[PDB]
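Structural characterization, general
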Amino acid sequence: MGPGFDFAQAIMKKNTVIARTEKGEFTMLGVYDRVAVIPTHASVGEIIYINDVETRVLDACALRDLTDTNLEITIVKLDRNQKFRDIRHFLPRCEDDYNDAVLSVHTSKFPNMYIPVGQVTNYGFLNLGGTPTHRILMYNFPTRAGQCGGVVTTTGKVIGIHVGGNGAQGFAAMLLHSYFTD
């Protein structure tokens, strides 16, 4: 409907797949080559479904900060026959606050879903499902089950993936450029 929604759509139409694990269906962001991200609570194993096709997992790494605290991001390398558009130049270099963000989801339950969430706070620490977690972004939107892995964008930046909510607030794990240096 406006320039925030334009950027978000451009990311969804080329840089997402539907991922299925034994723990559910997730929006999955492809970042470059055969590398994608998903919330760590998806519990990615040796095999994953990508757009309903059986796909071998070449590598999966559940990220933690240097204090050995959960970041809720798992980086997956997929045995896929096609590369993602390289979007690393849209990733922020540092932790930050943002204005006017969009959360975008694409699953069987919620196809082509876009939500204007407004202001995003560098929240920092969150006890997420009982797990101490760092680098959390917060938005004051009543997010619901089925949105995990959703992509959080501003104009020109891909800033996080949705990992949880408390009924009134939603929470995303930051994406940083430094997670995807090669």
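As drawn, each chain counts its residues from 1 in written sequence order, possibly unlike the entry's numbers, and residues without coordinates are not displayed. As a rule here, side-chain values come from all non-hydrogen atoms in the structure, and water together with hydrogens is ignored.

The record lists X-ray crystallography as the method behind this PDB entry and 1.48 Å as its resolution.

This part takes up the overall build of the protein. Of regular secondary structure, the protein possesses one helix and 12 strands. Only DSSP runs of H or I with at least four residues qualify as helices, and only runs of E with at least two residues qualify as strands; both kinds are numbered from the N terminus onward. In sequence order, the protein lays out its α and β elements as α-β-β-β-β-β-β-β-β-β-β-β-β. Taking 16 Å as the expected radius of gyration for a compact globule of 182 residues, we find that the protein reaches 15 Å, a close match to that expectation. Its C-alpha atoms give the protein principal-axis dimensions of about 40 × 40 × 30 Å. Whether a residue is buried, partly exposed or exposed follows from its accessible area with a 1.4 Å probe, protein chains only, as a fraction of its type maximum: under 20%, in between, or over 50%, in that order. Residues classed as buried in the protein amount to 51% of the 182 residues present. Summed over all atoms, the accessible surface of the protein reaches about 9000 Å², with 48% contributed by carbon and sulfur. The charged-residue count follows a simple rule in which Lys and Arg add positive charge and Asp and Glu add negative charge, with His and chain termini not counted at all. By convention, the point assigned to a charge is CZ for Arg, NZ for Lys, CD for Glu and CG for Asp. For the protein, the separation between the mean place of its 17 positive charges and that of its 18 negative charges on side chains is 5 Å. Atoms counted for the radius of gyration: C-alpha only. Globule rule: 2.2 Å times the number of residues to the power 0.38. Accessible areas in this description were obtained via Shrake-Rupley with a 1.4 Å probe; residue shielding takes into account the shown protein chains only.

Next up on the list: the pattern of salt bridges. Counted as salt bridges are all cases of a side-chain nitrogen of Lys or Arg within 4 Å of a carboxyl oxygen of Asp or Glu. Applying the stated rule across the entire model yields six salt bridges. A salt bridge links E25 to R20; the shortest N-O distance between them is 3.6 Å. Classification of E25 as buried rests on a relative accessible area of 18%. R56 is the salt-bridge partner of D79, the closest N and O atoms lying 2.6 Å from each other. Within this pair, whereas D79 is found in the loop between β6 (70-78) and β7 (98-105), its partner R56 is found in strand β5 (residues 53-64), the two being separated by 23 residues in sequence. Under the relative-accessibility criterion, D79 is labelled partly exposed at 31%.

Note: domain ranges come from an automatic or database domain assignment. Domain assignment breaks the protein into domain 1 (1-15 + 85-182) and domain 2 (16-84). Computed over C-alpha atoms only, the centres of domain 1 and domain 2 are separated by 16 Å. Domain 1 puts 35 residues into the contact, and the matching count from domain 2 is 26 residues. Summed over both sides, the interface of domain 1 with domain 2 buries roughly 2400 Å², with 66% coming from carbon and sulfur. By the convention used here, residues are in contact when the closest approach between their heavy atoms is within 4.5 Å. Two parts placed together each lose some accessible area under a 1.4 Å probe, and adding up what both lose gives the buried area.

Before going further, it helps to spend a moment on helix α1 (residues 3-15). Each helix should span, by expectation, one fewer than its residue count multiplied by 1.5 Å. Its 13 residues place the ends of α1 18 Å apart at the C-alpha level, agreeing with the 18 Å of an ideal helix rising 1.5 Å per residue. Taken together, the buried positions of α1 are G4, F7, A8, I11, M12 and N15. What you see down the axis of α1 is that its buried residues fit within an arc of 130°, all on one side. Structural note: α1 exposes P3, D6, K13 and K14 on the side pointing more than 90 degrees away from its buried face. Each element contacted by the buried residues of α1 is listed here: β1 (16-21), β2 (24-32), β7, β8 (113-128), β10 (151-154) and β11 (157-165). To obtain the arc, one takes the directions from the helix axis to the C-beta atoms.

Further remarks concern the packing of aromatic side chains. Two rings belonging to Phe, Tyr or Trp (six-membered ring only in the last case) form a pair when the distance between their centres is within 6.5 Å. Interplanar angles under 30 degrees mark stacking, angles over 60 mark edge-to-face geometry, and anything in between is tilted. Summed over all chains, the structure comprises three aromatic pairs. Considering the side-chain rings of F7 and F90, the 5.3 Å spacing of their centres and the 80° angle between planes classify their relative orientation as edge-to-face. Of the two residues, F7 is situated in helix α1 and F90 in the loop between β6 and β7; the sequence distance between them amounts to 83 residues. For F7, a relative accessible area of 13% corresponds to the buried category.

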